[PDB]
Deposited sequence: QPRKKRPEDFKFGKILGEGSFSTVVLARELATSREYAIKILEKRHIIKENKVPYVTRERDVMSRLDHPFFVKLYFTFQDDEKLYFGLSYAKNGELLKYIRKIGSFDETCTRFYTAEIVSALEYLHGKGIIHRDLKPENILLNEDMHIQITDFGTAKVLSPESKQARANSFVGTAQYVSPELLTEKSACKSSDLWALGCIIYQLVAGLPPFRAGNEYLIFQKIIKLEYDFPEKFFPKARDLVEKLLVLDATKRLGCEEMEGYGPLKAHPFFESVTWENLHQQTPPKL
């Protein structure tokens, strides 16, 4: 490994994202002219708020990921006040941006991008890792328009916290426990959202949303692709053990074999040209 990098190695530019405990800033490495997205975290703020385990977990998970559909961690360094994580730079931004831009996806785009997400989850789950806060904001799009999944701060590695309200699974609201099936629940929401343009469970506030979730209170638009609807109905299931894709349902084989994905070639998704949006 090279001598640890430092801030002066970079020309910092625009802010790519802001959270409570981090800012992501686009930066150009001077020696190489390479663009990285550097996640900057303030040590004091992290210690003050008891987040050291979360930041520790984020790095450790990202170290264990070597797959085209996930944000890569290239390097880390620190100065007196801050931590720096050199991340992959997804030039085309969030998937949410495209959902809003074009309103809703057609069957081809939905099929393709859902398949990438399924493929990515299969990899993640194979490594015993749960995302716990999957959503279109966390699903970035590369320059070539393939997905790059990010934000692993909230992730858990399998031998407390609550994600974004609209993508929270029933079991979280009723047990404080999560598993692989939580991501699969989130997946059903995202699929619904690609086809319909909105998330399945909407309401005036977080409490009303949680109500609907545990009541399974949502419904499909008239035009919803029938095979996609069937897939969603097999993911948005209250009993987490009966969700297509989880271990008690025999995993990703049956999920990948769903009629909605009939024309999908699973083995080289990352090599294929995405449908134009």
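Where C-alpha coordinates are absent, the deposited sequence of this PDB chain has only the segment 160-168.
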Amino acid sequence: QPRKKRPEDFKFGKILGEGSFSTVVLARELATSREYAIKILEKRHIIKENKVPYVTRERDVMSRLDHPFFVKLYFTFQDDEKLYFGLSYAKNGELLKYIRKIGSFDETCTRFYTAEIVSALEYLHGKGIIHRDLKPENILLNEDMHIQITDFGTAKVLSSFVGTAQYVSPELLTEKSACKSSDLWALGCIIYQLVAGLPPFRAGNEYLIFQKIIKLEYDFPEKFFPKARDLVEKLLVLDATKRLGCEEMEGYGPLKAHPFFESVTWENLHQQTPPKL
From here on, numbers count along this sequence of modelled residues.
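Higher mean CA B-factor, judged across 66-74 and 217-225 from the recorded values: 217-225. Of the two stretches examined, 49-57 and 235-243, the record assigns the greater average C-alpha temperature factor to 49-57. Set against one another, the Cα B-factors of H146, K135, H125, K156 in the record reach their highest point at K156. In this entry, the residue among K91, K180, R100, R111 with the greatest C-alpha B factor is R100.
In the deposited entry, the Cα temperature factor of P199 places it in the lowest third of its chain's modelled residues. Annotation for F152: C-alpha temperature factor in the middle third relative to the rest of the modelled chain, per the entry. The PDB entry assigns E116 a C-alpha temperature factor belonging to the lowest third of its chain's modelled residues.
Split the chain's modelled residues into thirds by C-alpha temperature factor. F21 is in the highest one. In the deposited entry, the Cα temperature factor of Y207 sits in the middle third of values across the chain's modelled residues.
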